[PDB]
Structures are given as C-alpha cells and as structure tokens.
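J.: using only what follows, build the 3D model:
(8 chains)
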Amino acid sequence: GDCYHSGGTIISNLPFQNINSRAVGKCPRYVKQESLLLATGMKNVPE
Amino acid sequence: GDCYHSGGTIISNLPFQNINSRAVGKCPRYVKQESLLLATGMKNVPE
Amino acid sequence: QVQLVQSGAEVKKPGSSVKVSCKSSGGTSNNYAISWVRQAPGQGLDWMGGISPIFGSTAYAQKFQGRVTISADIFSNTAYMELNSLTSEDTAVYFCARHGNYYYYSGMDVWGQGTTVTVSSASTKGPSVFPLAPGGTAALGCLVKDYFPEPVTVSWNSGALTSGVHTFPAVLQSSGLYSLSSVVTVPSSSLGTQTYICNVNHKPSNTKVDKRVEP
Amino acid sequence: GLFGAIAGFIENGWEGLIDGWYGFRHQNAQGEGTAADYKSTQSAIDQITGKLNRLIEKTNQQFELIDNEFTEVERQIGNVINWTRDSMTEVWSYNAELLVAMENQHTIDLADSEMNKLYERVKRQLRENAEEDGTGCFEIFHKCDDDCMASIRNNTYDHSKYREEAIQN
Amino acid sequence: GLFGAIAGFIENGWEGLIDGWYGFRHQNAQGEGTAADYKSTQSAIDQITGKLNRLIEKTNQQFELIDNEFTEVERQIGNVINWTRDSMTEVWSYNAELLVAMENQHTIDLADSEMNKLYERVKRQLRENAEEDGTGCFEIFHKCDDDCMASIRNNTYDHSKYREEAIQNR
Amino acid sequence: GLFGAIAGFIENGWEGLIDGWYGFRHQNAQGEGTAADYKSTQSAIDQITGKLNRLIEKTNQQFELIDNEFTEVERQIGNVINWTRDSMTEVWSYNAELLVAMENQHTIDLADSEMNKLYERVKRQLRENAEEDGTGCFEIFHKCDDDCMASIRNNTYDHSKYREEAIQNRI
Amino acid sequence: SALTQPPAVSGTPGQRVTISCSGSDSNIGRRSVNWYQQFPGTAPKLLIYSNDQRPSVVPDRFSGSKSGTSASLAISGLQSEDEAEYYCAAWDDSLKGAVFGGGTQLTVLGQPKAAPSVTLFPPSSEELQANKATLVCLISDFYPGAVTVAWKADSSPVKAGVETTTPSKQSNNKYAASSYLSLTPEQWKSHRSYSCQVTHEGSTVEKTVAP
Amino acid sequence: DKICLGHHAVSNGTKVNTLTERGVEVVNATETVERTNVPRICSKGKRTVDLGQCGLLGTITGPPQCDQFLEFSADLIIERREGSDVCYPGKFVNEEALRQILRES
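T.: Numbers count the residues shown, from 1 in each chain, chains lettered A, B, ... in the order given. Please see the structure below:
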C-alpha cells in the first residue's frame, strides 16, 4: 500500500476515497460523498 | 512579460505552463504535464 | 502490443486450491474475453471457461462447473483462474488466452506463457548428489537424486566449464520424487590435472551442493 | 435519449440477448432467429473501457503530514491548515460528482448513438427493397430465407438481386 | 464517431482536397470534378476558432511571492506553503487534462456532425431522383451535366425538372 | 447546431406558438391550423429542470473566519491566508465559467435533438405517403382533412389506408 | 475429444500435408473452426480462424476449409520448422463451451537415422555407503526419437526397479533419454555383470558395468 | 452517374487524447502547455530597480551598499542572491513579512 492513515492503509485503484481526509502517501483524493457510481452499460429498458 | 521566475520570464498566451511552479506575476497556471495537445482539426482517416 | 504474463509455477497437495493470474501488459484486455485452457501432460487442450470483464460475462465448461472460479480485476488489467479440490488429474500446464473479441467464439490470438501446476503428496526435498567417475575423451558426471519439485540447475566448475555438458531431463519416480544426471565429455589427457566439480542448486529447498568427481 | 433510438422508437431491449449489447431478431418463412452484432458491440464496449482506463489511473503524487493527530499543532496554524484542507475537500468533491455525472450523460448517449448507427447502416444496405415501420424494424417486401438474413448480418446482402421482386409490393 | 459519418460509412478523406474540410467529387458524362464546400467548412472552422479564443484568454490575475528562494522561510510555514502549492498543482493538472480531453471529444464529434449535415442536406435536395448507396455517395438515376452539378453545389438544383426522367429508370 | 434542425434546415421559429417549444402548422383543403406538441416539449423542459435542480443545490458546507477585519492578523500568516483564498477564487471562477458554458452547449443541442426527434418520428409514421421537402415540412401526396391531421399529431395515422391513393399521385 | 483428429501426420520438405478434423452438428456443423500450432513446452499459436481466414503474420502455405461437420488444414510446401502439434477447435452449442480436437503430431520426414550413443555408470562408492545403488544409463544423439530399454542382470532380464524417461529432443534435433536401475548394494554385489541394452530401429546398442 | 461528398485528410497527423481513446490521430492540433523559457527578466515598459548588492530590507535602514536605494520608485523590484541587508551584524525580526510588504510597495 501507498496510502496510510492512523487506522490503516487505503488500497485501491479508484480515483477517490471517503475513508480519511488525513490519509497521506499516494492516495485517491478525499471526497464528501459515500458513493458515486459510473455507468459502464447503456440505458436499461425492460418491458 | 508579466510572469517571472528566478530564471527568466514566461512569455506566452497559453493557459498553462510546465516551466516553474513558483513563477509570479500574471502567469499561465502551472501543471504537471509537459504537453497537452488540443485538436483543431477533424478525425484524420487516410487511405 | 499486448502480452499476457501469468503467475509462476505452483506445487500443491491434494484437496488444496490454486489461483493463477494473467496480467495484460502493454495495454488493457478488458474489452476482450480471456479464456483459461489447460493441457495435461501429453494430452490435448481443454477449455476451462472465460471472462470478458467490461461486457460482464463469465462462462464455464460444464465439466469444471462449480470447481473453478474465473474472475477479473479491470483496474490492474488482470484475469484470474482458481481451481479447488485439486487432485493429480489436475497436474497440468494452464494457459490464459485472449480471443480476437469480447466473446468466446473467435480464435484465441494472444497467449500467456503458461503456468505449471503440480499436485503431489510428496513434500519439498533437496537432492542427494553423487559423483559419476570416468582414450582421447572421457565421460564424467553427477547423479542428482530424489528431489522435489523441479527444477534443479547444474553447472560445472562454478560455470567455468560449459563445453561438452549435457544435462538430461529428469525421470519422475513412482515415489513422486525426481532424479536427473548431468554428464560432461572431456579430454582424458586432462584427467590428472584439471579438477572437475558439479554445482547443484535446488531453489525450492534452498539446497546448494558442490561435488568432486574423481577417476 | 439524444438520438432517439434507445428508449425512443425502439420500445425496449431484449433480456434474452446474452451475447451482445446490439443484435438482430428476424421473422421469415423458415423460422425466427436471434444473433447479436459484433462489430458495433465491440465498438461501444471499447469506448467504455477507454473511459475507465483514464480514471482508474493512479496519481503518482505524494503528500505528507503537515498535521499532528497525537500532539495538536499550535492553534492558529492548525486553523489555517484545516481551512485549506476543507476547501480542497470542496473542490475535489465538486470535481468528483461533476466528472461522474458528465461521463454518465456521455456514456448513455454513446449507446443511443451506436444503436442508431446500426439501424441507419442496415437501412442503407437494403436500399428500396424494404421499409421503415418505425419501431426499429424493417418490413421486407420480398420473401427471404435464413441465408439471406446472414448476408444482411455480415454485410453482403446484394440489393439489385431482389430489387424488381420487392417493388410491385 | 458519434454520428457515423467520419471514420464511419465514409471510408476515408481525400488528401487531394486542399481547399476545404468538406467537398464534392462527382462522376458524370463530361468528366470528373472536385470542389470543396464553403458554407460548412467555414461553419466548423468558426466553432474551432471560438473554442480557441476562449482558452487563449489571458488571466488578468496577479500573484506574489509568499516564499523565498534565497533565504528559506521558517520551516513550519514553509511546509504549509509547499503543501498548499502542491495541492493546487493537483487541481490545475486535473483540470488541464480534463479540459483538453473533453474539448477534443467535442471537436471530433463536431466534425462528424457537420459532414453528416452536408450529406443529409444534399440528400434532401435530390428528393427522389437518386439513391443512398451508403459510402457517402448518391447514385443519380438521370444523365446529368456539369452545370447540373454546380446547381447541386450552390444549392439550386430543381427536382421536379428531372423527376419523371429519373423515376422510370428506377 | 449539432443535429441540423434548429437554426439549420428549419429556417426559424414561430413567435405565435405560445403553448410550446415544438409544434405543428398545417395547410389543407379546410384551413390552416397550429398546435404545439406536448410529448416532446415536456421532454426537453424536463431535462432543463433536471439540470437546474442539480446546480441550485445548496452546499451543506460551513466555513469560519480565519481572518480579522478589525485588528489585522500578523503579516506573514496574513499573506499565506490571502494567497490561499485568492487561489481558491481562481479555481472556483474557472469552475463557474466552464460549468456554465458547457451546460449551455448541451442545453442548445438538447433542443436541436428533440426537434430532430419530432421530425424523424412523423417521417416514420407517414411511410411512403409523403416527402421531405427539406425546410422542416412534409408535402402530403393525398388530399387530407383536419381529422387526419389530428391522427398524425396524437400518433394514430394509418398509412396502408391511403397508400395506393398517394402513390399513383407521385407519378 | 468431441473433435477427432489423426494422432499423426508426416511429410517431406516441399510436400503438401493435410490434417483432418471430424465433428458433429452441434460444433463444426453450425460453428466456425479455428486451428492452432503448438511447439513443445510453448504456448499454442492461432493459425486459422473463421474456417479459412489467416492471420497476417501466418505464411500463406497454411490454409483451412470446412465442409459439413468436417474441417481440414492444408500446409502447402511443408518446411522443417512446421514440425509441431496441431489442434482444431470450435464452439459446441450442445456443451455451451469451446472444444478442441485431440491433436495431430506432424513429423518432417527425410532426416537421416542416427544410432544412440550410450554411457553406463556403475553405483558410486558414496551411494553404497548410504545403502542404495543406482545404475545410470544415458542415451543421446538418436533419431527417430523412439528407443526401448532392457536391463540385464547376468544374462537374465530384470523385472524390477527400472525407470526410464520419455525421449526428449536435443539441440541437434536428435533425441536423448535416460533410464535408472535401482538395486540394493546387495543385488549389485550378487552378480558379476549388469548391462544396459538400448534397441533402436531393430538394432541394439549395449553397455555393461561390473562391481 | 453519381456525386460523392467527403472530408479532407493528411498523410501524417498528430496524436491527441480524448474522453474515450488515447492517441487518436487528428488533422491539425495545437499545444496548450508553455514549455519555452526566456532566460532573462523582461522589463520593457516597467520602472525597474535592480537591487544588486543592496538587500531589500537595506533600503529601509540604509547601510552603505543601499545608499542609492534609500528613496527609489519601481513597478518591478529585482532582488539578487548577493544582496545584503546589514553592515553591522544583526537581523530583522519578522524579515519575510517585511520583504513581502516592501516588494509590493
């Protein structure tokens, strides 16, 4: 791991993290939001 | 010139600069990247 | 140009599980299906299943359904195959291969180098090394006995003597241990002058032995 | 919704179509057949993956503690530090939600676009031997067999072979 | 790639077409002639220029030294300054690369769009006197001369003059 | 300008059309009639509103004074604070103008898109019984009355009822 | 299985060779065929796809065809570098999975026979001290790559403790193998002669050691 | 028989990046990051005072090296590495705040 805070390491490829704003090292950027989903599919239309 | 650092003047109209992060005056914004090209043409499809 | 690089050789006991990796380097393979295909010793190719991680499909051959889990981490550009409840029937080389497309119909055009998996009840053991004693030319060598698993490396005179050296492929005994021999062909005139020593290295047991071979 | 295809004049998608995003469902004399298009499925998927590889990127940029969780720093500089950090949290949070919303808009319209590129292409193949009914279908005005379908699929269907036939109708 | 024209059903572009982005290549009885369209070439160029003028903007915003390259400032305030400056470097670098990628997508699709607006227009002009073959071409179903071409170009070609002629021929 | 409809091949808009963004103007035997489409007007408007609700958002994020307007703080920390605040002003101002320009591009092309979705749909309805003249109009090749118009509007017009009629009437 | 291929084909340099692949309706009948080439201990290479399509990097002497539920790979102008295993493959709509043929080994004919060099080492003194005895028979430089090994105790055939490797190809395109005889120091002492007999294409090479 | 519309193209274009793809060749592209330094201080049209051996803080207290700078006027003030604030040994308390005030003065 390359991102640390008092309570451990953030291991991840995602661009952001909602774990610790004081994490240090090489980290995803800290954000307010708990979740942000990126569409990888198309509009889903069922009947 | 309106943007200075210890080693000279940054004379340019471009929005960003990769020359000196400590430049002062009225400067393009400093960025990490050495280059970022903006398309002024179309998709190029040859034979 | 993408290459697929698989994880290294595995040595496993019966009933255990093995998880092999396949990394797409020099570019992503996430937009393609990657299959796992195994080849038992001396046998043909056999499809295990595949994954096409952006499309969202994982498929399995009926004969391995439930015993194999295929997966992918799109962020590290890596695909994985995990096989559970291993027996000697699973001793084989396992390949990952990328299809020409997002699915499994198309020809597989990019292949990994393969990963050997050996399932055995033998425990790792370093070799016992013995000299093979000797005209114009003479033949002298070393017998490398009772080791597991492959490989063993053999050099002569700390690598100084490379000419005339012939290291034979190991025999696999019914015990589950391997044995090989290395023989060097050398001028018989240089018998009572030059000393001949074989150096045997077995990484898995961290064994390193030098053995003098005298007439 | 940009182009009108998906959730527009096509009424819905086919939960039975496991093997693609886009494909063909036909009805002729022999029977009814379904197969998903490769060339355009690959095309969309590839633009999605090219988006991902851009974001799942790792910043090579390192930061250190200016701060202290065990013995607090002096209070004025503590307060400047905290105020800067919150301001950065604001910027990144806005950046995060904007970036994701925008990518999503674009991904959805990327899909609408490729459908409406499959359509308009097949239409182009068939010239004057069939008609736009307008639910994402072509009524063929000549009898056609299952090797004629495949020739539409892999893009070989010749028009001026069935032209006259399909025209009085 | 958004609209299907460029790098879609048009197979490629014409390296001989110096005097525009978009134009016409025709084949009739008399000969073969090429001329680039003005109205739509100009149209695209103008949107690209309007993009540039927006970024090639100069910030009227002045900043001064809070720092000292000759005698270093005290170390705690030095470290806050550096950490802030780096954080700004992060923000601007992300903004820079995002802005540029996005402008590029849009520039490319801007181009696809104007091609597929030239097409759909000429198509509309010719009504029922020709056909979409689908490589960015119209097979004309009546004999036509080079002053008939020019009348398509500068947008004067009358349909109901050649209607019947080209229709039996279908 | 993306799709070619608005400020493209439709020449302009109708200042008399109070009751919509998109609508119909017809000419037949009986008379001339105008009515705006609901289904696509609603559609665009709803996308505009969905944009607004996203920006008119309130940040739940609170900030306090690090500064003092009455007795100035010590000068060095004064200078770091001011330099940071201004740097935030740069970032946010850029964010503001970029966000607004981009939303605007998209809003305009959102409109172009919905027009050119009204068009292409009506076109699809009429099959082979009429023609694209190309100013955002369809010349109908059969006589039609004002209850035929309405059947185009609310999307019930049957083609194979007027097919032959309008087909010989194109030769 | 599912797809069936001849285990072996052979030809001379410049000859034309074909490798057949028999299937059923659920695979070859209704699906496209792929062909792969594999050299020993290396990954397979895609040779043909979509029945008769050839990757750009593959020489034009390789061609494929499909008729009914059968397929054929033809190699025009056989080259020495074409000695390899060849597999046919197709999706099977019945098994819902990819299937492969059993493989065909292609041999390039015309290579001169070479008799095996044999070397036989007696048990080392060190090994006897450890209460074991191993007779080591090293076979090298033979072609074709198939020998059989018989062990002689005195003049009688040994029927125990004999373990022989498969033949393996040397750098010189001839083959090597090795066989091991395991005996008690006691058995090594009990006879006056032990002999390794290697037969290759009818002819027998022999060596012998004495305690 | 036919008329065909089409777009232009060049034989070697330049690679750019998109939301969607990397290194997609386009017809013409332009640079956006300044990489070119001018190894001089460009002062055309500005009232320049180059402080030389005088240290910025020296202009205030007035050691001999700063005698020509006790009362100057400038749009642009240039400090040098050789600059010294002091004759008789000693220091300014809160020197950086004072420099910052003086630079913008």
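J.: which residue sits closest to the residue in chain A that chain C sits nearest to, ignoring its sequence neighbours?
T.: With CB to the nearest CB, the shortest gap between chain A and chain C falls at residue A:13, namely 3.6 Å. Yep, even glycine has a C-beta here, placed from its N, CA and C like the rest. Spatially, and ignoring its direct neighbours in sequence, residue A:13 is nearest to residue C:75 (3.6 Å; CB to CB, 6 or more residues apart in numbering or on different chains).
J.: also residue C:69?
T.: Closest residue to residue C:69 apart from its sequence neighbours, by CB to CB, 6+ apart: residue C:82 at 4.6 Å.
J.: what's the spacing between that neighbour and residue E:92?
T.: With distances taken as CB to CB, to the nearest Å, residue C:82 is found 44 Å from residue E:92.
J.: what of residue D:133?
T.: Distance of residue D:133 to residue E:92, given as CB to CB: 53 Å.
J.: more neighbours: which of those two?
T.: More crowded of residue D:133 and residue E:92, by other CB atoms under 10 Å in any protein chain shown: residue E:92, with 22 against 14.
J.: tilt between the helix or strand harbouring that one and helix D:75-126?
T.: According to DSSP states H and E, residue E:92 maps onto helix E:75-126. Taking axes from the mean of the first three to the mean of the last three CA atoms, to 10 degrees, one finds that helix E:75-126 is oriented at 20 degrees with respect to helix D:75-126.
J.: do helix E:75-126 and chain B meet?
T.: Yes - contact of helix E:75-126 with chain B (CB under 8 Å from any CB of the partner chain) involves E:85, E:88-89, E:92-93, E:96-97, E:100, E:103-104, E:107-108, E:111-112.
J.: and whatever helix or strand comes next after that helix, how far out from the chain's middle?
T.: On the C-terminal side of helix E:75-126, the nearest following helix or strand under DSSP H and E is strand E:130-132. How far strand E:130-132 lies from its chain's middle: 25 Å, per CA atoms, centre = their mean, to the nearest Å.
J.: can you check stretch G:27-39 too?
T.: The chain centre lies 23 Å from the centre of stretch G:27-39; the measure is CA atoms, centre = their mean.
J.: out of everything not next to it in sequence, what's closest to whatever residue of chain G ends up closest to chain A?
T.: As assessed by CB to the nearest CB, chain A sits closest to residue G:96 within chain G, at 23.5 Å. The shortest distance from residue G:96 to any residue other than its chain neighbours is 7.0 Å, reached at residue C:62 (CB to CB, 6+ apart).
J.: span of stretch G:106-121 from start to end?
T.: Start-to-end span of stretch G:106-121 (CA to CA, to the nearest Å) is 36 Å.
J.: how about it and chain C, touching?
T.: Yes - judged by CB under 8 Å from any CB, stretch G:106-121 and chain C are in contact via G:119, G:121.
J.: next, the buried residues of that stretch.
T.: G:106, G:108, G:114, G:116-121 (16 or more other CB atoms under 10 Å in any protein chain shown).
J.: spell out which residues of chain D are next to chain H.
T.: Residues of chain D lying near chain H by CB under 8 Å from any CB: D:47, D:50-51, D:53-54, D:103, D:106, D:110.
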